[PDB]
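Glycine also receives a Cβ, built like all others from the backbone with ideal geometry; neighbour counts cover every protein chain displayed. Just so it is clear, none of the values below were taken in a lab; they were calculated from the coordinates.
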Protein chains: 2
Amino acid sequence: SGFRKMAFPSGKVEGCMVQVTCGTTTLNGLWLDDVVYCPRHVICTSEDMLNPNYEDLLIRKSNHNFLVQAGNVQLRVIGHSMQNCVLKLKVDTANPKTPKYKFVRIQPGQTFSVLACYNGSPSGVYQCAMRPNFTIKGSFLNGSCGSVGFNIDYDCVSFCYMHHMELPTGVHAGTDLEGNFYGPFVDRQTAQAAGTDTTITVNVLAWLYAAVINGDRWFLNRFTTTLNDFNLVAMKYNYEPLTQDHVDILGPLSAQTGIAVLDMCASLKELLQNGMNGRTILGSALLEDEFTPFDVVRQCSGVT
Amino acid sequence: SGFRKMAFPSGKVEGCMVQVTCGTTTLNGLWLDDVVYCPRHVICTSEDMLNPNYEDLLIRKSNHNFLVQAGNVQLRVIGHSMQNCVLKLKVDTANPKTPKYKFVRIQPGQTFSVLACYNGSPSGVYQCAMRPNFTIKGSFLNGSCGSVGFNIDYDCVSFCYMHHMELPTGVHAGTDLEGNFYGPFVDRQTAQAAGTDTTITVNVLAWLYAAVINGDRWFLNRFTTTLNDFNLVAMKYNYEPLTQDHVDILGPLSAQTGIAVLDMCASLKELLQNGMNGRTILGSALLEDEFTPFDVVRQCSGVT
Ligand SMILES: *CC(=O)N1CCN(S(=O)(=O)c2ccc(Cl)cc2)CC1
Ligand SMILES: *CC(=O)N1CCN(S(=O)(=O)c2ccc(Cl)cc2)CC1
């Protein structure tokens, strides 16, 4: 028993982190096979970052300007290209620690582990979700750019995030590993406001299922609702609309607990309308929305 | 910016996890040099666990009864001994992935990373604290015993916990790596109630400092207090008494923010007396107490 915000073991990703320096800018790179992936703003002088022309800036850069260090050993750069907002640095040596991997572009509501790094050195690991406004609520200081987000399916690391930007509101923006920003964000020091941070309804319901499985049941009530009725309450509280797809995804948790999805919707409705009344659920005083149905099933069944 | 419950990178510990089987009981072991550490209850049949005599049970066990598997390769057991509540299995091969390590016995309030494992395979990593009642609030199912808690100081892993027990209240009890239980707990299926789970006052204050550093300041007030006055409020709310030692430990965070420790004590006092009034601090609706002053400084300054 017990339910914790759990990151994937970070070992497979630790073995991929390198330091990239171009000029004075030092940040992190991801070394997979003979390619080092890093944010393209590594070529910027913070002055550039006001309105950088990346193609023009890159013209002034040679293979030998990209200083790539894996632990205490330098990698030889034999090629460089720009793909969207990342640089791909071809090195003469395949990373011998390259795990089985994929690049996936995640959807909002999907969760992932971040390995926060500085100078290509891992400092910590935490669990995030891609917010409905395509920001993440991370922990990133200067030097952390090029830190990656990932899921592991047994032996296969799916990389879904590279850290690029902090917004003046202290939330985080980044790319998938093809260098396309999540959401409308750009690698430029400009006025970029996040949209509404809506709550991931299906994740809240998953975590309510986790709570029941783990003994926290005080919030279960005698009520049910409909998708359309529940969704009027969701709209009012800046929750994502709940779809039949979400209901279907919660099927396994429904089955295991014997609580119909719409009954748990009715529990969530009363919690939204009535608040927690100073009580907690799985040690939280708010409704947690950074566990997916898949995360709950994984943790509650002990998959490795 | 941003402040997250952050685990240490788990790679160095992943390389130490093995599977230990004695009879039908499978759980995890920690392979350091040529020794495998695991809970002694691995020799029990759950029936035994009602009132096991471990010395007597162990007499019936030989080196060849301890099946030790590191990934898909079997380790040869050439010795076994009992130290307190752990077994030490001598194997004929030093773990080639053995990191620099220490065994430390932590104090209540101190935090650490758990690498939850099943069949010697890492499933996830999360941050814990040793509670003032010597329990931890973990996420552990059957097969997770022998999972370890740890801190990393650069290259040195300090192992502080091995998982042994869940209490009927769904909290967790375990040993340091010399096999001595934290608190009064015993590896026996009996009536074992946790004491008061008091809040780690110094950790709450550290996290209030983290909040101010990261932009969350609404809770700062025009008040100060004294240690003795604050402590009357702590007693009333089942908070640990705050000592001059705690004040001194918070010195660096005090310095950096320019908020005197006793002023922040006065902020915490009003929060205890008045509640959050439906507001949040660093995305929490309650006062977080599983960040040490050392954790806050580490995360806020980007140590690797
Ligand atoms: C995003 C990231 O981690 N980095 C981009 C900014 N650089 S930097 O070298 O321009 C720099 C800016 C500000 C400070 Cl305080 C220090 C460095 C660092 C890498
Ligand atoms: C603590 C731990 O992880 N383990 C001790 C109990 N054993 S077991 O083999 O006795 C066992 C008990 C109950 C179930 Cl459902 C399955 C196994 C497992 C390891």
inquiry  = Just checking, does region A:220-242 include any residue being closer than 26 Å to B:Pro168 by Cα and crowded, with 17+ Cβ neighbours inside 10 Å?
reply    = yes
Scanning region B:133-161 for residues that are among the aliphatic types (A, V, I, L, M) and more than 27 Å from A:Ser121 (Cα to Cα) gives B:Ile136, B:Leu141
Per the list (1) surrounded by fewer than 16 Cβ atoms within 10 Å (Cβ to Cβ); (2) in contact with a strand residue (DSSP E or B) (Cβ under 8 Å, 6 or more places away or on another chain); (3) of a type in the set (A, V, I, L, M), residue check on B:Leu50 breaks on (2)
Based on what the data block shows, is A:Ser113 hydroxyl-bearing (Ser, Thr, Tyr), touching a strand residue (DSSP E or B) at 6+ places or on another chain (Cβ under 6 Å) and within 30 Å of B:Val297 (Cβ to Cβ)?
yes
Restricted to region A:3-19 and to residues being touching a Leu at 6+ places or on another chain (Cβ under 6 Å) and more than 7 Å from chain B (Cβ to nearest Cβ), the residue nearest to ligand 2 (Cβ to nearest atom) is A:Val13
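Can you tell me which residue among B:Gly109, B:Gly146, B:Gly71, B:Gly138 is within 14 Å of chain A (Cβ to nearest Cβ) and either more than 26 Å from the chain's Cα centre (by Cα) or away from ligand 2 (no atom under 15 Å from the Cβ) (or both)?
On the way: B:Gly109 fails: within 14 Å of chain A (Cβ to nearest Cβ); B:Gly146 fails: either more than 26 Å from the chain's Cα centre (by Cα) or away from ligand 2 (no atom under 15 Å from the Cβ) (or both); B:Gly138 fails: either more than 26 Å from the chain's Cα centre (by Cα) or away from ligand 2 (no atom under 15 Å from the Cβ) (or both).
The match here is B:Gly71.
Kindly provide the set of residues from region B:1-20 that are within 19 Å of B:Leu115 (Cα to Cα) and either assigned to a strand (DSSP E or B) or polar (S, T, N, Q) (or both), ordered by number.
Step one: list which residues in region B:1-20 are within 19 Å of B:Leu115 (Cα to Cα), which gives B:4-20.
Across region B:1-20, the qualifying residues are B:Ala7, B:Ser10, B:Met17, B:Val18, B:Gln19, B:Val20.
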Of the residues in region A:250-282 that are surrounded by 15 or more Cβ atoms within 10 Å (Cβ to Cβ) and touching a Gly at 6+ places or on another chain (Cβ under 9 Å), the one that is nearest to the other protein chains (Cβ to nearest Cβ) is A:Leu282
The correct count of residues that are among the β-branched types (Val, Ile, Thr), within 11 Å of ligand 1 (Cβ to nearest atom) and away from chain B (no Cβ under 14 Å) in region A:20-42 is 5
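If you check A:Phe230 against the conditions, is it without any contact (Cβ under 8 Å) to a residue 40 or more places away in the chain and within 24 Å of A:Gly195 (Cβ to Cβ)?
Numbers: without any contact (Cβ under 8 Å) to a residue 40 or more places away in the chain: yes; within 24 Å of A:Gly195 (Cβ to Cβ): yes.
The answer is yes for A:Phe230.
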The residue that is nearest to A:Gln189 (Cα to Cα), considering only those in region A:43-70 that are free of Cβ contacts under 8 Å to residues at least 40 places away in the same chain, part of a loop (DSSP other than H, G, I, E, B) and more than 15 Å from ligand 1 (Cβ to nearest atom), is A:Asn53
Within region A:149-168, the count of residues that are within 12 Å of chain B (Cβ to nearest Cβ) and either more than 18 Å from A:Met49 (Cα to Cα) or within 16 Å of ligand 2 (Cβ to nearest atom) (or both) comes to 4
Picked from region B:119-143 (must be within 20 Å of A:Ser113 (Cα to Cα) and not hydrophobic (A, V, I, L, M, F, W, C)), the residue nearest to ligand 1 (Cβ to nearest atom) is B:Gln127
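Kindly provide the set of residues from region B:122-135 that are away from ligand 2 (no atom under 16 Å from the Cβ) and either of a type in the set (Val, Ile, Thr) or more than 10 Å from chain A (Cβ to nearest Cβ) (or both), ordered by number. Show your work before the answer.
Narrowing region B:122-135 to residues away from ligand 2 (no atom under 16 Å from the Cβ): B:125-134.
Selection gives B:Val125, B:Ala129, B:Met130, B:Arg131, B:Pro132, B:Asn133, B:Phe134.
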Note on region A:283-304: residues within 11 Å of chain B (Cβ to nearest Cβ), surrounded by fewer than 18 Cβ atoms within 10 Å (Cβ to Cβ) and among the hydrophobic types (A, V, I, L, M, F, W, C) are A:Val303
